[PDB]
Amino acid sequence: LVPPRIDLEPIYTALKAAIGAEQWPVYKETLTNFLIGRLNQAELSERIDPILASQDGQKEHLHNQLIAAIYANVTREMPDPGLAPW
Amino acid sequence: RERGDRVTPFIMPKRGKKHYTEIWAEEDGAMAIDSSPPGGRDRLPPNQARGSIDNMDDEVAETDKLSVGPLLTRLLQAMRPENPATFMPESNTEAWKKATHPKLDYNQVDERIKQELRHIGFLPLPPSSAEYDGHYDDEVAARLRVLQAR
Amino acid sequence: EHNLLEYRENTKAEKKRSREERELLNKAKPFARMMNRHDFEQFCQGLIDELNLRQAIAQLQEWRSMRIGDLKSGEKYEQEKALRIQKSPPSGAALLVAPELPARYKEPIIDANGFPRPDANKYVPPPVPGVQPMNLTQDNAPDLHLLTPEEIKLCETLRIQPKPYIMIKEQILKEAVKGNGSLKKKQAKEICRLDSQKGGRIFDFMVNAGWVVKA
Amino acid sequence: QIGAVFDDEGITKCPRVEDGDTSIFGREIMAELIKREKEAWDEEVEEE
């Protein structure tokens, strides 16, 4: 009865390309720390707002799109355990 | 040719157990008054999901009787408001519309999100075979991290 | 050079300074023969900066073990402790622990490339009729430290606590995603389960933010 | 004989501010000193 999961490969791949592997390590380090509960919204915004800045606005959209994808899957199948191969 | 101490200043202690008033009271009989917060039972008013949207009401909206759990709260606030973001790739098909769903609970959703971020890689992989109670984002801690960098 | 002919001016500052700083400056006095005026000033100021920073960091670590969770309450505790020990201008270590940090402590002293810095040493929702904003305080709002600045104004303008607000945000998000993200205006009104204006305002904020789309 | 070693003029003078960029803390040299100091710190931490 439980519906299938949602493909996530394209949603994350675009994010990696959009940010750029140069500043990507900082973006990943700040986001993971905030999730673990070691930052406040003031520190997170100060550190990430420069990275997600854009005039076409295709960086803040992907950040929201990825977060929405993570939440939507909550009501779908449990995927294969382990780090994704892709 | 002397540089001083370079270990102690770079430590990050966790929130203490006993409030300063109680330890001060550990010299005479000053504990006769217990001021445990009504909503702060067990010293962790936050980090305990309670109530569901069924109990939502205008009167209770002014009181923090309902929560969503720690992990889910952090994930939702991780979003950033710009000036749609909920367009799923294949959801437009009517086949997706017919789909049903189960009814999980907050203690279960947090686990599901924890595993999901594990699959992506934003969280450490499990040991080969969460310190939300430490208040590590407290307003005091942020100042401490600023000075330590300097 | 160094203006050692000003007995009155040089002494007064030495008097004003504290005990620990006085010893440190007295210890580094001889080296002035080799540096110009500015270099000596930079040299001394750096030693003072490091000493004060150590005191502040040690001070803060003591607070966190007492379960003090705000800079305001920390100062209150120190005042009461001074009264208790008695019962039984501000210094450098007191300006760093203030609610507002000094301007010169909001940037790296030496930049990323390792070269020390030359100077080393919004959508406004209308006020809904018959709505009286209530101030949000750290003691009242538990999870205030997570709401974004663009959203905290809405909570005050709408008279709703943070934790209830997050729950409302979740349910609206869940309802939208299930249906491609599009919902009708009445759909948002019923989900909120409050007064019509409140549900209308929060929905208008979300659509402007971009997390949902109006059908 | 001996005095020839100390011939450098800076052994007895105090550099003056008026001369210009006479600071003994030029960035071109401070860059290397900071890097070496950072190196020693890391070695001490590894030993510690």
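Residues numbered from 1 in each chain as written, not as in the entry; some residues may be left out. Chains lettered and ligands numbered in written order. Part of a larger assembly, values for the part shown. Heavy atoms only, no water.

- As recorded in the entry header, the structure was determined using cryo-EM to a resolution of 3.5 Å.

Brief notes about the interface of chain C and chain B
Inference 1: Contacts between the two partners involve 67 residues from chain C and, on the opposite side, 63 residues from chain B.
Inference 2: Carbon and sulfur atoms make up 58% of the surface buried where chain C meets chain B, a total of about 6,300 Å² over both sides.
Inference 3: Ranking the residues of chain C by area buried against chain B places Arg64, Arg67 and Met167 of chain C at the top, with a combined share of 16%.
Inference 4: At the junction of chain C with chain B, the criterion picks out two salt bridges.
Inference 5: With a shortest N-O distance of 3.7 Å, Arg64 of chain C and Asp138 of chain B are connected by a salt bridge. (Contact = heavy atoms within 4.5 Å. Buried area = accessible area lost by both parts, 1.4 Å probe. Salt bridge = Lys/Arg side-chain N within 4 Å of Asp/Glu carboxyl O.)

Here we look at a positive patch on the surface
Inference 1: The grouping of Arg8, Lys12, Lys15 and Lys16 of chain C at the surface amounts to a positive patch.
Inference 2: The topology assignment puts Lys15 of chain C in helix α1 (residues 7-16). (Patch = residues over 30% accessible without salt bridge, like charges linked within 9 Å, V, L, I, M, F, W, Y side chains within 5 Å. Areas by Shrake-Rupley, 256 points an atom, 1.4 Å probe, with all protein chains shown as cover. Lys, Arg positive; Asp, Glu negative; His and termini not counted. Charge placed at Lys NZ, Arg CZ, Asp CG, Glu CD. Helix = DSSP H or I, 4+ residues; strand = E, 2+ residues; numbered from the N terminus.)

Concerning the side chain of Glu43 of chain A
Inference 1: By the element assignment, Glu43 of chain A lies in helix α3 (residues 41-52).
Inference 2: Assessed through its relative accessible area of 13%, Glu43 of chain A is described here as buried.
Inference 3: Among the polar contacts made by the side chain of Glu43 of chain A, one reaches the side chain of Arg145 of chain B at a distance of 3.1 Å.
Inference 4: Those residues in contact with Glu43 of chain A that sit more than four places away from it in its chain are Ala142 and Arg145 of chain B. (Buried < 20%, exposed > 50% of the residue type's maximum accessible area, 1.4 Å probe, protein only. Polar contact = N/O pair within 3.5 Å; in protein donor to acceptor, adjacent residues only side chain to side chain.)

Regarding the environment of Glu82 of chain B
Inference 1: Within the secondary structure, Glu82 of chain B sits in the loop between α3 (70-78) and α4 (94-97).
Inference 2: What makes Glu82 of chain B buried here is its relative accessible area of 17%.
Inference 3: Separated by 22 residues in sequence, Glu82 of chain B and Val60 of chain B place their C-alpha atoms 30 Å apart.
Inference 4: Leave out the neighbours within four places in its chain, and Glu82 of chain B touches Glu60, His61 and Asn64 of chain A together with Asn208, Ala209, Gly210 and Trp211 of chain C.
Inference 5: At 2.7 Å, the side chain of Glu82 of chain B and the side chain of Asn64 of chain A are in polar contact.

Some words on the arrangement of the chains
Inference 1: Of all five pairs of chains in contact, the one with the most contacts involves chains B and C.
Inference 2: If you take every C-alpha in chain A and every C-alpha in chain D, the smallest gap between them is 22 Å, and the two do not touch.

Considering a negative patch on the surface
Inference 1: Taken together, the side chains of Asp5 of chain B together with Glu39, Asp42, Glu43, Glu44, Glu46, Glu47 and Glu48 of chain D present a region of like negative charge at the surface.
Inference 2: With respect to the secondary-structure elements, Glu44 of chain D resides in helix α1 (residues 27-47).
Inference 3: Look at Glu44 of chain D and you get partly exposed, because its relative accessible area is 40%.

Some remarks on the packing of helix α2 (residues 24-36) of chain A against α3 of chain B
Inference 1: Contact pair α2 of chain A / α3 of chain B: the axes reach a minimum separation of 8 Å and the direction vectors enclose 145°. In this structure, α2 of chain A uses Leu31, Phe34 and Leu35 of chain A to contact α3 of chain B, whose residues at the interface are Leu71, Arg74, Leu75 and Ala78 of chain B. (Axes fitted to C-alpha atoms, helices over the stretch in contact; angles between N-to-C directions.)

Notes on the nonpolar core
Inference 1: In this structure, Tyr27 and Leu66 of chain A, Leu72, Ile113 and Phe122 of chain B together with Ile168 and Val212 of chain C are the most contacted members of the largest nonpolar core, which totals 68 residues.
Inference 2: Counting residues per element, this core draws most heavily on helix α7 (residues 162-178) of chain C, which supplies seven residues.
Inference 3: Filtering out sequence-adjacent residues up to four positions away, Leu72 of chain B remains in contact with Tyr71 of chain A, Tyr106, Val109, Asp110 and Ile113 of chain B together with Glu170 of chain C.
Inference 4: Core analysis: the second largest hydrophobic core is formed by 17 residues, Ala56, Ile57, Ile68 and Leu101 of chain C among them. (Core = buried A, V, L, I, M, F, W, Y, C linked by side-chain atoms within 4.5 Å.)

Some remarks on helix α1 (residues 9-19) of chain A
Inference 1: Considered for burial, the residues of α1 of chain A that qualify are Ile11, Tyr12, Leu15 and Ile19 of chain A. End-on view of α1 of chain A: buried residues confined to an arc of 90°, all on one side of the axis.
Inference 2: Contact partners of the buried residues in α1 of chain A: α2, α3 and α4 (60-72) of chain A together with α5 (106-120) of chain B.
Inference 3: Positive backbone phi, at 95°, marks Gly20 of chain A, one or two positions downstream of α1 of chain A. (Arc of directions from axis to C-beta.)

Quick look at the packing of aromatic side chains
Within a pair of aromatic rings, the relevant descriptors are the distance that separates the centres and the angle that separates the planes.
Inference 1: Summed over the entire model, instances satisfying the criterion amount to eight aromatic pairs over all chains.
Inference 2: Between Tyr12 of chain A and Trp86 of chain A, the aromatic rings sit 5.8 Å apart at their centres with planes inclined by 50°, giving tilted as the arrangement. Of this pair, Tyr12 of chain A sits in helix α1 while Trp86 of chain A sits in the segment after α4, and the two are 74 residues apart along the sequence.
Inference 3: The class of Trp86 of chain A is partly exposed, set by a relative accessible area of 36%.
Inference 4: Where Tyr20 of chain B meets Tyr77 of chain C, the ring centres are 5.4 Å apart and the plane angle is 85°; that geometry is what we call edge-to-face. (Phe/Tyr/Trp six-rings, centres within 6.5 Å; stacked < 30°, edge-to-face > 60°.)

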